[PDB]
Amino acid sequence: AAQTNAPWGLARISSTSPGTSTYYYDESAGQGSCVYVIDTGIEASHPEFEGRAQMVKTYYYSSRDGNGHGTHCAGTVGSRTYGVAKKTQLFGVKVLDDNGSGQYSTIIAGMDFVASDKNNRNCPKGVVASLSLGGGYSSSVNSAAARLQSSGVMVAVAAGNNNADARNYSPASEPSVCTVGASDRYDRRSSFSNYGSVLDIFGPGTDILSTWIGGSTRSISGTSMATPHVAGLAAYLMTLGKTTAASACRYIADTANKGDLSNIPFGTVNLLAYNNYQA
Ligand SMILES: [Ca+2]
Ligand SMILES: [Ca+2]
């Protein structure tokens with residue numbers, strides 16, 4: 001399948017070079033997989049989700065996304081026009097309030113919730129969790145991410161936007177999950193992207209067009225935007241049978257575009273998510 005005039009990020013993950021505008025992907029498109037978006041919520045009624053999204057848990061007064069961040073990330077995972085895995089099932093867990101903030105205790109509870117909840121869902125091709133959030137180092141937050149990964153969920157987390165070593169941020173610094181940095185359309189490390197040895201992979205993160213609340217769209221930037229590219233790619237590859245939840249991050253790194261990125265500090269991987277599609 002081919003989506004013409006795709007958002008640059010989708011085109012980038014199906015090409016060995018920057019500057020293309022078509023997203024090439026297998027028609028299976030993540031069908032039979034499930035992705036939990038742990039964030040500010042998801043506007044599930046947005047036409048772009050085609051009924052494939054639903055809220056399953058909130059830690060606040062409402063399950064509504066009053067911010068937009070979660071809806072944007074969800075859109076990059078699996079919306080029709082802006083998504084990597086266009087037929088995946090999306091589950092929203094609202095651990096962030098409508099200002100985009102959340103206590104570590106709530107974020108941890110949300111991770112433990114997903115580890116349990118997945119046992120009540122029909123996700124024959126596997127389960128992914130996308131965490132476009134983070135803050136200062138916390139061994140408790142790292143431990144929760146490790147548990148979620150251990151339980152059989154492919155965990156993808158944002159490296160953070162501090163232009164610093166991700167070792168001082170959580171859950172970015174948990175080695176057992178998939179830690180994602182951001183690149184721009186010219187294959188540069190995004191100027192805000194964290195780096196360091198704990199990074200596993202880079203994905204598109206600057207000027208990413210996706211769904212927004214009020215049935216709208218908008219373009220924003222961050223490692224929060226790169227993370228759902230990788231989460232969606234994992235769901236896509238699991239549906240194809242190429243990899244499993246335990247090994248998807250490694251498979252993605254193994255099959256990535258290597259050495260294409262500029263402004264990568266010594267000691268950080270130069271690996272850009274790539275779906276290796278061939279018609
Ligand atoms: Ca290349
Ligand atoms: Ca890792």
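Order of listing sets the numbers, starting from 1, for every ligand and every atom in it. Because only heavy atoms are used, hydrogens play no part in the values below, and waters and symmetry mates are left out as well, while side chains stay in. Each residue takes its place number in the sequence, starting with 1.
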Discussion item. Restricting to distances shorter than 3.0 Å, give the number of protein N, O or S atoms close to the Ca ion (ligand 2).
Written reply: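 If we list every protein N, O or S atom nearer than 3.0 Å to the Ca ion (ligand 2), we get 4.
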Worksheet entry | No-hydrogen, no-angle side-chain donor-acceptor test under 3.5 Å, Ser193 and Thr223 |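 Short answer, no.
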Worksheet item: Are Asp65 and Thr40 close enough that a side-chain donor and a side-chain acceptor fall under 3.5 Å?
Response: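 Yes, a side-chain donor-acceptor pair sits under 3.5 Å.
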Worksheet item: Centre of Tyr251's six-membered ring, under 6.0 Å away, within 45 degrees of the axis: is that where NZ or CZ of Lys242 sits?
Response: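 That pair does not qualify as a cation-pi contact.
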Discussion item. Counting only heavy atoms not in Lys118 (residues, nucleotides, ligands), do more than 12 fall under 6.0 Å from its NZ?
Written reply: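 Atom NZ in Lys118 is crowded, with more than 12 foreign heavy atoms closer than 6.0 Å.
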Worksheet item: With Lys94, which residues qualify under salt bridge (charged side-chain N to carboxylate O under 4.0 Å, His left out), at least two apart?
Response: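 Checked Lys94 against salt bridge (charged side-chain N to carboxylate O under 4.0 Å, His left out); matches are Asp98.
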Worksheet item: Sub-3.5 Å donor-acceptor pair from the side chain of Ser14 to the main-chain atoms of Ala11, do we have one?
Response: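 Present.
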Fill in: Short side-chain to backbone donor-acceptor contact, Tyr186 and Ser262, under 3.5 Å
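Checking the backbone N and O of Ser262 against the side chain of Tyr186, no donor-acceptor pair under 3.5 Å is found.
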Worksheet item: Near the Ca ion (ligand 1), meaning under 3.0 Å, how many protein N/O/S atoms are there?
Response: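 Protein N, O or S neighbours of the Ca ion (ligand 1) under 3.0 Å, waters not counted, come to 3.
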Worksheet item: Relative to the ring of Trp212, is the ring of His72 parallel (under 30°), tilted (30 to 60°) or perpendicular (over 60°)?
Response: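 Rings of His72 and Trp212: perpendicular, as their planes differ by over 60°.
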Show me the donor-acceptor pairs, under 3.5 Å and distance only, between side chains in residues 148-156 and residues at least two apart or in other chains.
residue, atom, partner, partner atom, Å
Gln149, OE1, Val155, N, 3.0
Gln149, NE2, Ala245, O, 3.3
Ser151, OG, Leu148, O, 2.8

